[PDB]
Amino acid sequence: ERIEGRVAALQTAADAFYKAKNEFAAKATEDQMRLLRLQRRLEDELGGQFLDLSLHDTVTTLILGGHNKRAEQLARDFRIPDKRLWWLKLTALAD
Amino acid sequence: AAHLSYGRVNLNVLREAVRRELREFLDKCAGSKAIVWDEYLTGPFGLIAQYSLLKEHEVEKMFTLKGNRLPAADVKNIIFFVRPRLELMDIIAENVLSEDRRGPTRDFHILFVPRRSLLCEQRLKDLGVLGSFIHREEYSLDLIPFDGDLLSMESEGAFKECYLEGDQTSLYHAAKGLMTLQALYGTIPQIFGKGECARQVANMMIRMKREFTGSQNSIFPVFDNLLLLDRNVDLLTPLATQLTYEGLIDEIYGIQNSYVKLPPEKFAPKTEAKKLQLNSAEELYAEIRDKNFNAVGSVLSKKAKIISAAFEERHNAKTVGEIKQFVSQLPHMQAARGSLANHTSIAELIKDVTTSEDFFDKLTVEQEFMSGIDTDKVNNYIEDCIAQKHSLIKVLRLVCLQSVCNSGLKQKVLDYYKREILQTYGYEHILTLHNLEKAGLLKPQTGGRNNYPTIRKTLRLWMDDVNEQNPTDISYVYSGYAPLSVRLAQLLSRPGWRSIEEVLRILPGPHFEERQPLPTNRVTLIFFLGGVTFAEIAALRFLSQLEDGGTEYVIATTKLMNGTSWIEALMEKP
């Protein structure tokens, strides 16, 4: 129940960016809704905090907690290109 | 302050007038005082008056404005120094109504800065405390002198307010600022401008002068010209990395109210940052601040040898005669040694940054875009920085530079940059991207049309192989890039704006001219509406000191900034 309110605001915002003919904004707001929903599953399934992280920070945290299958899947779902994922992994793991 | 008088206009007249006003105000509030400060005001007020002056007017305590009860203090008077903001009126009311009634009371007063507001007073009346103030006045601190040729309002929000929010409050204060200058330094007979904001400032100047009805101004004009310039006429310059000594101190550590906070390891005695004042009162800083950073090393070596030799000369003073003299020179020798040690340590800090691989790569990219190369493809260094999650603002400066040099980016490119910025830094920054678009900094290209090359080639804005050591052109400050703003100023003075009509017509806003009637090297006052960088300032000092019969510049601005603080101010409180 805790994210229904935040999800409703984002919906109201998607609708707004569509009336406004701002296609990029609408889609981005759709992606953020999808990501917040995923973030709540992850708190539910693994505990700890994931709400409100950026996508990159979510993947990074997952890698760091040992959840490498979920992290890869998460990157594929948002079509993160190979080069950007490689850099992400490398900065996650380095001293 | 001697340095306020080193140039053409004596800015102590101005500083001393506003100090006199403050004194007169404190003297009406007789007896011991505490000042309660709207925190936003303390920094810039520091250029006008430190605690040492206030102390001589029996200010015994200084507090910050917050809610609930005021702190206990055995003083006769509490004085609020505060901006005319509605929300702050509620806090003051709470302070006043929470006084312990029993025992001797404390008289209340209020000084509104920079203006008193009928509306704020109405609010204080409704809250039930207007009648508790014995004095209510305004102190119209608009243009603050930072150096002998430099004035700022230090209004960081002006750019946003004007170009995104349609709020021209800051233009009214600029006009009022210009009226105060004309009361002290005489009427400015010629006014030139380029930009929407400029047109409004001019229109308000002229109105305010027609509506004045005091003694006619007899003062012989010190300024020959005013040039009003919209920041949005030259969006490029602030984005680029500054390459002067003062520029780089600002890029890297930030200069606030003419002080910088540095890491302390290299300084005496070595816990907290080393705080230093940077202005023209220090001979050595006057000499290197406007230089390209690659010319500074030689200057420092020369001084090291001179100072070193003076001190080495103490072994030779064996006599009673020449010990008298060496001794008389010592204070100056010690201060020159100290000044040199500081700037020598600052140069080493800047060198650690400017020799890094990341700096070299950033600059290669900046220079690629400014000279017209590949300003429409997704750029691989930007993509590496985004992937490594470098500082968001570094990334934004770079993509905005690309947009401005290309007259926008094709949809696909712009959208690709945006998606990867939101994925990496967070959806919440979509607001920052929209603001950048409305500012004209990161936007879609329209048609296939791209005008920067015509503007660049015509105004000679990029040059290769520039002299950095003995400069011959304003491009030295960015090692090749001539700031557009300064180039326009230069070309107004000689040969005149008729020669570039076709280019002005593709830059934002009108270009215009007005005269102000007078009773029966030129000095130009140049006013940046929306901010100015230290590199632009250096370039203007560079024109000022050519003894080619041109013009000398005194610089005013709404704000002293760089690309980083400019863009931070376009973001929202996350």
Side-chain angles (χ1 to χ4, degrees), chain A residues 3 10 23-95, chain B residues 356-358 360-362 364-365 368 374 376-400 402-403 409-433 436 442 574:
Chain A
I3 64 148
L10 289 173
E23 186 85 346
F24 179 87
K27 296 280 154 214
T29 295
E30 287 174 359
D31 285 354
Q32 180 60 15
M33 284 184 255
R34 175 184 160 119
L35 164 76
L36 268 180
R37 290 197 198 93
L38 176 124
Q39 286 173 345
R40 190 214 75 164
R41 286 192 177 261
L42 299 172
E43 293 191 333
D44 283 350
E45 288 174 13
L46 313 171
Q49 306 161 339
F50 291 96
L51 287 175
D52 290 315
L53 297 168
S54 69
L55 170 76
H56 168 277
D57 287 14
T58 307
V59 181
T60 300
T61 299
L62 284 169
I63 289 179
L64 289 180
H67 309 292
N68 289 279
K69 288 186 239 165
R70 291 166 178 265
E72 199 64 51
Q73 201 56 42
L74 176 50
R76 297 186 189 189
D77 287 348
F78 293 82
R79 294 181 285 86
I80 299 179
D82 282 338
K83 183 169 276 143
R84 178 142 59 86
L85 193 49
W86 176 88
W87 276 127
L88 188 165
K89 288 173 181 185
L90 189 70
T91 53
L93 298 169
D95 301 340
Chain B
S356 72
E357 227 164 8
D358 179 68
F360 179 85
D361 292 332
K362 181 168 65 189
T364 298
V365 167
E368 264 163 15
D374 280 324
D376 60 347
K377 263 181 158 171
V378 163
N379 180 276
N380 278 324
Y381 167 81
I382 292 177
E383 259 205 328
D384 293 348
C385 300
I386 288 165
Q388 297 176 118
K389 193 168 178 172
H390 292 173
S391 153
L392 172 57
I393 296 188
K394 171 201 192 179
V395 164
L396 294 173
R397 282 171 70 164
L398 283 169
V399 302
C400 292
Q402 196 181 343
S403 178
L409 306 170
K410 274 144 234 164
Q411 270 306 143
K412 304 202 155 159
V413 170
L414 165 64
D415 284 1
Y416 187 95
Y417 282 147
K418 293 198 291 166
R419 181 180 167 81
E420 54 178 17
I421 291 166
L422 304 176
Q423 289 189 352
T424 296
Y425 299 95
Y427 171 76
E428 64 279 22
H429 287 297
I430 195 163
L431 174 62
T432 294
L433 302 171
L436 291 172
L442 178 62

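Note on naming: letters A, B, ... go to the chains in the order of the sequence lines (proteins, then strands), and numbering restarts at 1 for each one. Just the heavy atoms: all of them, side chains too, but no hydrogens, waters or symmetry mates, feed the values below.
- Taking OG of A/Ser54 as the start and NE2 of B/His429 as the end, the distance is 9.0 Å to the nearest 0.5 Å.
- Applying the 6.0 Å contact sphere to CZ of B/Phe360 captures no more than 12 heavy atoms from other residues, nucleotides or ligands.
- Between A/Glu72 atom CD and A/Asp77 atom CG the span is 10.5 Å, to the nearest 0.5 Å.
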I'd like to know whether A/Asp31 forms a side-chain contact (heavy atoms from CB on, under 4.5 Å) with B/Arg419, so could you lay out the CA-CA distance, the side-chain angles of the two residues, the decisive distance to 0.1 Å, and finally the verdict.
CA-CA 10 Å; A/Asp31 285 354; B/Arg419 181 180 167 81; 3.2 Å; yes
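- Residues A/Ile3 and A/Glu43 are not in side-chain contact: their nearest non-hydrogen atoms beyond the backbone lie 4.5 Å or more apart.
- Side-chain contact between B/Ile382 and B/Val399 is present, with heavy atoms from C-beta onward closer than 4.5 Å.
- Atom CD1 of A/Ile63 sits about 6.0 Å away from atom NZ of A/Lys89, to the nearest 0.5 Å.
- Minimum heavy-atom separation, A/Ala28 to B/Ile430: CB-CD1, 4.2 Å.
- Residues A/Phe50 and A/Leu35 are not in side-chain contact: their nearest non-hydrogen atoms beyond the backbone lie 4.5 Å or more apart.
- B/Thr424 places none of its side-chain heavy atoms less than 4.5 Å from the side chain of A/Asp57.
- Residues B/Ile421 and B/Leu396 are in side-chain contact: their nearest non-hydrogen atoms beyond the backbone lie under 4.5 Å apart.
- Atom CD of A/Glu45 has more than 12 heavy atoms from other residues, nucleotides or ligands within 6.0 Å.
- Taking the centre and axis of the six-membered ring of A/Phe78, the NZ or CZ atom of A/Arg34 falls inside the cone set by 45° and 6.0 Å.
- Here the SG atom belonging to B/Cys385 is positioned 11.0 Å from the CG atom belonging to B/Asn380, to the nearest 0.5 angstrom.
- When B/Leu422, B/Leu409, B/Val395, B/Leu398 are each tested for a side chain to side chain contact (heavy atoms under 4.5 Å, CB included) with B/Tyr417, only one passes: B/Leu409.
- With hydrogens and angles disregarded, a donor-acceptor distance shorter than 3.5 Å links the side chain of A/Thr91 to the backbone of A/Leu88.
- Counting only heavy atoms from C-beta outward, the side chains of B/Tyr425 and A/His56 never approach each other to under 4.5 Å.
- Atom CG of residue A/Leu53 and atom OG1 of residue A/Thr58 lie 4.5 Å apart, to the nearest 0.5 angstrom.
- Of the candidates B/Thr364, B/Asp358, B/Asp361, B/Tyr381 forms a side chain to side chain donor-acceptor pair (under 3.5 Å) with just one, namely B/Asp358.
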Cut-off 3.5 Å, no hydrogens considered: what does the side-chain donor-acceptor table look like for residues 80-87 of chain A, sequence neighbours left out?
from    : atom 1 : to       : atom 2 : distance (Å)
A/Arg84 : NE     : B/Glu420 : OE1    : 3.2
A/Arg84 : NH1    : B/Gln423 : OE1    : 2.9
A/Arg84 : NH2    : B/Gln423 : OE1    : 3.1
A/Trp87 : NE1    : B/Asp384 : OD1    : 3.3

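- With contacts defined as side-chain heavy-atom distances shorter than 4.5 Å, the pair A/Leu62/A/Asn68 does not qualify.
- We find that B/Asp415 and A/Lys27 are not joined by a salt bridge, their nearest charged nitrogen and carboxylate oxygen being 4.0 Å or further apart.
- In this structure, A/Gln39 CD and A/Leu74 CG are separated by 8.5 Å, a value rounded to the nearest 0.5 Å.
- Put simply, the side chain of B/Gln402 gets close to the backbone of B/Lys377: a donor and an acceptor are under 3.5 Å apart.
- Counting only heavy atoms from C-beta outward, the side chains of A/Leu36 and B/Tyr427 never approach each other to under 4.5 Å.
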